[PDB]
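What follows draws every value from the coordinates through simple rules; no lab data is involved. All Cβ positions, even for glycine, are placed from backbone atoms using ideal geometry, and neighbour counts span all protein chains on display.
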Amino acid sequence: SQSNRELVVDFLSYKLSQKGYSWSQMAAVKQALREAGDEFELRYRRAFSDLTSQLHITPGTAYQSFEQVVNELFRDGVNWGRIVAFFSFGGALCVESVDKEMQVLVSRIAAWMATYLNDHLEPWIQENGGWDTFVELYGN
Amino acid sequence: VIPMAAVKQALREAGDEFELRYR
Ligand SMILES: [Ca+2]
């Protein structure tokens, strides 16, 4: 099994983080990223709607939409706010996909994200003090 | 079509903005 455990850990990390306490280093990062997205998304909400309007997505053009916004996002380098946009963007893309009855893409997009994040942002992240840096300089 | 580029670039300019207003 062990999926009882995933549930228990998830319920506890959530209950803990409400009180300011963080279950693992991973629980910390997940929380910092979630909070940063909600904050980015609310602050630059107009900037997001403009984005949705300009890109109809079909299962054949969804990747094109992805690579275009991503390559532009990291054109002349990397920072944390740009990394938040990256996450915020993919979350929005995933939501438009389910909205427009195209739920199949959701896992594709996640994979595109994972590979990009893994193969393209990780070296910058590892060289700028890892994920703990951004938890400690942006989180809270 | 100008607003294609523009909406992309504005995501990037926001990230840079977020990058400094949250430190
Ligand atoms: Ca390409």
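Got the relative contact order for chain A handy, in percent, Cα pairs under 8 Å and 6 or more residues apart? Don't skip to the end; give the middle numbers.
Details: 60 pairs, mean separation 39.7, N = 140.
With pairs under 8 Å counted, the relative contact order is 28 percent.
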About the Cα centre, charge dipole magnitude for region A:1-73 (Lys/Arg +1, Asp/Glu -1 at Cβ), debye: 340 debye
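For chain A, what is the calculated [θ] at 222 nm in deg cm²/dmol (nearest 500), taking -39500 (n - 2.57) for each run of four or more DSSP H residues and dividing by its residue count?
Values: 8 runs with 102 residues, N = 140.
Mean residue ellipticity at 222 nm (helix-derived): -23000 deg cm²/dmol.
Neighbour counts of other C-beta atoms within 10 Å: give me A:21, B:22 arranged from fewest to most.
Going from least to most buried by this count: A:21, B:22.
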Hull shadow area, averaged, region A:26-99 [alpha-carbon convex hull, nm²]: 5.5 nm²
Listed residues A:30, A:19, A:100, most fluctuating in chain A (Gaussian network, C-alpha, under 10 Å): A:19
Where only alpha carbons of chain A are counted, the Rg and the Dmax (Å): 16.3, 46
Principal-axis tilt of helix A:25-43 within chain A, Cα atoms, nearest 10 degrees: 40 degrees
Shielding score for A:72-85, defined as the mean number of other chain Cβ atoms within 10 Å: 5
Along principal axes, Cα extents of region A:92-140, largest first, whole Å: 40, 27, 9
Set of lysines with alpha-carbon distance to residue B:8 below 27 Å, sequence-local pairs under 8 removed: A:30, A:100
